[PDB]
Amino acid sequence: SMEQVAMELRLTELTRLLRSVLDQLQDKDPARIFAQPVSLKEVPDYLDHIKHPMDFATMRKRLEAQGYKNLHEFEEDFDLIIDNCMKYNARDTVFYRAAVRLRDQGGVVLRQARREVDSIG
């Protein structure tokens, strides 16, 4: 049906809009602390601590597989990255300070991103 084609043209354009946003969020991690999943080789106990790991490359596989149905699903993955980090790592660490910074700065990008989704449907 053509009515499925209109759905896919609107998913494509969410997916293209989320592409921008992820790039903007990931520029706020210039150290690349969050670029890749935490290495299970290097941190074998990691899943004892964190049950739903998340990082930027993983969010990007799922973005180019058109796997984010709405903005809320995208925003959840982003908050996982931040929240896992702030549990796993102590307050006086480069890692925890980098998540605090990314949260704070990402809040601006996400607060405009909400409005553009609502605006353009």
# chains A, B, ... in the order shown; residues from 1 in each chain; ligands from 1

$ residues_around --residues "region 70-81 of chain A" --least-positions-apart "2" --cutoff "10 Å" --atoms "only C-alpha atoms" --output "PyMOL selection string"
chain A and resi 11+14-15+17-18+21-22+25+34-35+37+50+52-56+58-59+62-63+67-68+83-86+99+102-103+106+110+113-114+117-118

$ write_last_selection --atoms "C-alpha atoms" --output "mmCIF file, in the first residue's frame"
data_model
loop_
_atom_site.group_PDB
_atom_site.id
_atom_site.type_symbol
_atom_site.label_atom_id
_atom_site.label_comp_id
_atom_site.auth_asym_id
_atom_site.auth_seq_id
_atom_site.Cartn_x
_atom_site.Cartn_y
_atom_site.Cartn_z
ATOM 1 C CA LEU A 11 10.499 7.606 9.257
ATOM 2 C CA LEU A 14 12.867 11.476 11.498
ATOM 3 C CA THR A 15 15.930 9.225 10.943
ATOM 4 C CA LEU A 17 16.716 14.519 11.733
ATOM 5 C CA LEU A 18 18.029 12.206 14.499
ATOM 6 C CA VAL A 21 21.163 15.450 16.614
ATOM 7 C CA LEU A 22 23.429 12.506 17.409
ATOM 8 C CA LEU A 25 25.503 15.370 20.965
ATOM 9 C CA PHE A 34 31.279 7.575 25.104
ATOM 10 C CA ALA A 35 32.079 6.674 21.443
ATOM 11 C CA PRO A 37 30.737 0.335 24.234
ATOM 12 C CA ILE A 50 25.260 -2.093 34.415
ATOM 13 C CA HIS A 52 21.706 -1.946 29.821
ATOM 14 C CA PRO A 53 25.021 -0.610 28.398
ATOM 15 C CA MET A 54 24.844 2.173 25.796
ATOM 16 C CA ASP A 55 27.354 4.240 23.784
ATOM 17 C CA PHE A 56 27.301 6.440 20.588
ATOM 18 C CA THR A 58 25.592 1.419 19.199
ATOM 19 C CA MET A 59 23.013 4.272 18.981
ATOM 20 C CA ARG A 62 20.296 1.474 15.437
ATOM 21 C CA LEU A 63 19.773 4.875 13.830
ATOM 22 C CA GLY A 67 15.255 1.658 14.735
ATOM 23 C CA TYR A 68 14.133 4.804 16.630
ATOM 24 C CA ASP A 83 23.304 7.438 33.882
ATOM 25 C CA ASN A 84 25.445 4.233 33.519
ATOM 26 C CA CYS A 85 28.519 6.365 33.552
ATOM 27 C CA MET A 86 27.463 8.232 36.755
ATOM 28 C CA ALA A 99 28.915 12.629 31.664
ATOM 29 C CA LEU A 102 27.548 15.982 28.274
ATOM 30 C CA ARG A 103 24.185 15.928 30.103
ATOM 31 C CA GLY A 106 23.165 17.908 25.501
ATOM 32 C CA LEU A 110 17.583 18.056 22.922
ATOM 33 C CA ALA A 113 15.176 18.880 18.911
ATOM 34 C CA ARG A 114 11.876 18.327 20.743
ATOM 35 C CA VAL A 117 9.784 17.016 15.889
ATOM 36 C CA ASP A 118 6.550 18.591 17.217
#

$ residues_around --residues "residue 98 (chain A)" --least-positions-apart "3" --cutoff "8 Å" --atoms "only C-alpha atoms" --output "list in words"
residues 29, 33, 94, 95, 101 and 102 of chain A

$ decode --residues "region 56-84 of chain A" --atoms "C-alpha atoms" --output "short mmCIF file (atom, residue, chain, number, x, y, z; two decimals), in the first residue's frame"
data_model
loop_
_atom_site.label_atom_id
_atom_site.label_comp_id
_atom_site.auth_asym_id
_atom_site.auth_seq_id
_atom_site.Cartn_x
_atom_site.Cartn_y
_atom_site.Cartn_z
CA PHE A 56 27.30 6.44 20.59
CA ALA A 57 28.34 3.79 17.92
CA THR A 58 25.59 1.42 19.20
CA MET A 59 23.01 4.27 18.98
CA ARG A 60 24.27 4.93 15.42
CA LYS A 61 23.91 1.26 14.23
CA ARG A 62 20.30 1.47 15.44
CA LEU A 63 19.77 4.87 13.83
CA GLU A 64 20.92 3.69 10.31
CA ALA A 65 18.81 0.57 10.80
CA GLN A 66 15.83 3.06 11.24
CA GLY A 67 15.25 1.66 14.74
CA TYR A 68 14.13 4.80 16.63
CA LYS A 69 10.37 5.06 16.37
CA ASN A 70 10.14 8.45 18.10
CA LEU A 71 12.38 11.04 19.86
CA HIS A 72 11.65 9.62 23.34
CA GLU A 73 13.22 6.26 22.30
CA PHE A 74 16.35 8.18 21.16
CA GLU A 75 16.49 10.26 24.36
CA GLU A 76 16.27 7.13 26.53
CA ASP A 77 19.40 5.65 24.89
CA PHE A 78 21.26 8.91 25.47
CA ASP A 79 20.34 9.03 29.14
CA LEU A 80 21.52 5.43 29.54
CA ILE A 81 24.99 6.50 28.38
CA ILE A 82 24.99 9.27 31.01
CA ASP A 83 23.30 7.44 33.88
CA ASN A 84 25.44 4.23 33.52
#
